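Asks: no sequence for this one, just the structure:
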Ligand SMILES: CC(=O)N[C@@H]1[C@@H](O)[C@H](O[C@@H]2O[C@H](CO)[C@@H](O[C@@H]3O[C@H](CO[C@H]4O[C@H](CO)[C@@H](O)[C@H](O)[C@@H]4O)[C@@H](O)[C@H](O[C@H]4O[C@H](CO)[C@@H](O)[C@H](O)[C@@H]4O)[C@@H]3O)[C@H](O)[C@H]2NC(C)=O)[C@@H](CO[C@@H]2O[C@@H](C)[C@@H](O)[C@@H](O)[C@@H]2O)O[C@H]1O
Ligand SMILES: CC(=O)N[C@@H]1[C@@H](O)[C@H](O[C@@H]2O[C@H](CO)[C@@H](O[C@@H]3O[C@H](CO[C@H]4O[C@H](CO)[C@@H](O)[C@H](O)[C@@H]4O)[C@@H](O)[C@H](O[C@H]4O[C@H](CO)[C@@H](O)[C@H](O)[C@@H]4O)[C@@H]3O)[C@H](O)[C@H]2NC(C)=O)[C@@H](CO)O[C@H]1O
Ligand code: NI
Ligand code: NI
């Protein structure tokens, strides 16, 4: 089991960490959501699907920086919605093919009423999402840690 | 502050996520209404009412599946109606007793004029409703995320 990003970086068998940059709507008002869909950027696969079934959760999602200070959020994982920052590890998604399959995570972020001006700075860390991978074969229990960075400033009109 | 569902589950203090399985009118003709009344399904309480006032909004409601594609409608929250899918967070409802009190959310849906046949597939996701809870006591700001599923097919006769 391993994963890769659309930009080209990889996290190998056994887990690790990577940095992912995301494009953000540059202007967001109270009542609107910024949608950060990581399923177009993070892809994983099972390396021995004939003999092993891989199980993949969103172990935790955390907010940083301007997302932590200026937004409230939800996360959608494989069709179900949860608070973001997260309160518990999600149910599992099965990975059962050598063909890359997206990691089905998307953030929905909405400004709090005190947000205004530059609420998320370009290049800043906005979130950490921890993918936990186990299987039905041995004791492997690995973390793939995705550090999510903004490409651009996000402004909340005042 | 925490919440529970009928014959069901709980989302504890600090928020979280749950699935709610709802029975739906099985036959809804064009021009008839499908009401999804969550006030019989979702109940909340204040855990320290002698000292704290809890405030609860419908921060967002979103449609999925056959409700998104085959119905149009509104959401009523505590006596007032609003567009559904929602465009703004609602006014607050006060919770001030340890006795379970309903969350006063209902969807009022009507088939689109081209709908016919199976318009809501049994077991499918129909809505996500985000309950936001704050108080007059500390900085708590917690999301209770309700993933709403149809227990049965809804047919629009032709
Ligand atoms: C006359 C007067 O008011 N005197 C003050 C005391 O009331 C006060 O004691 C507070 O009282 C509040 C109730 O109003 C209690 O708050 C609840 O705490 C629950 C958790 O308590 C446990 O965990 C704490 C750490 O998590 C720990 O410190 C405690 O000892 C307990 O083990 C919490 O679940 C609850 O919140 C839920 O419920 C409400 C109501 O529905 C929701 O609004 C919330 O969102 C959440 O769902 C609520 O917070 C305090 O436990 C109690 N503290 C103590 C030590 O007894 C004291 C202390 O004030 C606290 O300390 C000050 C410094 C400040 O930080 C306050 O915010 C704290 O409550 O002060 C007296 O003067
Ligand atoms: C009929 C039959 O197959 N009988 C079995 C043999 O299959 C079995 O041989 C093993 O088959 C398993 C697959 O089920 C292999 O498991 C993977 O091993 C690789 C690493 O393998 C390389 O490294 C091994 C030593 O480290 C070498 O022996 C081997 O030759 C290779 O060079 C792991 O990377 C895999 O795990 C990764 O992928 C899975 C799936 O995505 C994830 O779940 C993991 O978390 C991890 O990301 C598997 O562990 C194993 O290599 C095969 N062994 C050999 C020698 O070929 C044989 C051995 O016990 O037993 C017979 O009964
Ligand atoms: Ni591989
Ligand atoms: Ni209670």
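Replies: Great, that's in hand. Residues are numbered from 1 along each chain as shown, chains lettered A, B, ... in the order given. Ligands and ions are numbered 1, 2, ... in the order given.
Asks: please see if stretch A:53-69 touches ligand 2.
Replies: Yes. Legend: contact between stretch A:53-69 and ligand 2 by Cβ under 6 Å from any ligand atom is shown at residue A:54. In short, each C-beta sits where N, CA and C put it, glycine included.
Asks: report how many residues lie close to the residue nearest to residue A:63 when sequence neighbours are not counted.
Replies: Leaving aside its chain neighbours, residue A:63 sits nearest to residue A:85 (5.2 Å; criterion: Cβ to Cβ, 6 or more residues apart in numbering or on different chains). The tally of other residues near residue A:85 (other Cβ atoms under 10 Å in any protein chain shown) stands at 18.
Asks: what sits against residue A:85?
Replies: Going by Cβ atoms under 8 Å, 6 or more residues apart in numbering or on different chains, residue A:85 touches A:60-63, A:68, A:73.
Asks: go with 7 Å
Replies: A:61-63 (Cβ atoms under 7 Å, 6 or more residues apart in numbering or on different chains).
Asks: what sits against the one residue in chain A that gets nearest to ligand 1?
Replies: Relative to ligand 1, the nearest point of chain A is residue A:87 (12.5 Å; Cβ to the nearest ligand atom). Going by Cβ under 7 Å, 6+ apart, residue A:87 touches B:14-16.
Asks: of all residues in chain A, which one is nearest the centre?
Replies: residue A:129 (4.5 Å; Cα atoms, centre = their mean).
Asks: so who does that one touch?
Replies: Here residue A:129 is in contact with A:58, A:61, A:105, A:146, A:148 (criterion: Cβ under 7 Å, 6+ apart).
Asks: rerun at 6 Å
Replies: By Cβ atoms under 6 Å, 6 or more residues apart in numbering or on different chains, the residues touching residue A:129 are A:61, A:146.
Asks: go on, residue A:33?
Replies: A:108, A:110.
Asks: switch to 10 Å and redo it
Replies: A:25, A:71-74, A:107-111, B:60, B:62 (Cβ atoms under 10 Å, 6 or more residues apart in numbering or on different chains).
Asks: excluding chain neighbours, give the residue nearest to residue A:51 in space.
Replies: residue A:137 is the one closest to residue A:51 (Cβ to Cβ, 6+ apart), at 7.2 Å.
Asks: for residue A:100, that is, sorry about that
Replies: Residue A:100 sits nearest to residue A:43 (Cβ to Cβ, 6+ apart), 4.0 Å away.
Asks: cool, and residue A:17?
Replies: residue A:145 (4.0 Å).
Asks: so the one you found sits against residue A:59, correct?
Replies: Yes. Contact criterion Cβ atoms under 10 Å: residue A:145 and residue A:59 qualify, at 9.4 Å.
Asks: end to end on stretch A:108-119, go ahead and measure it.
Replies: One end of stretch A:108-119 sits 15 Å from the other (Cα to Cα, to the nearest Å).
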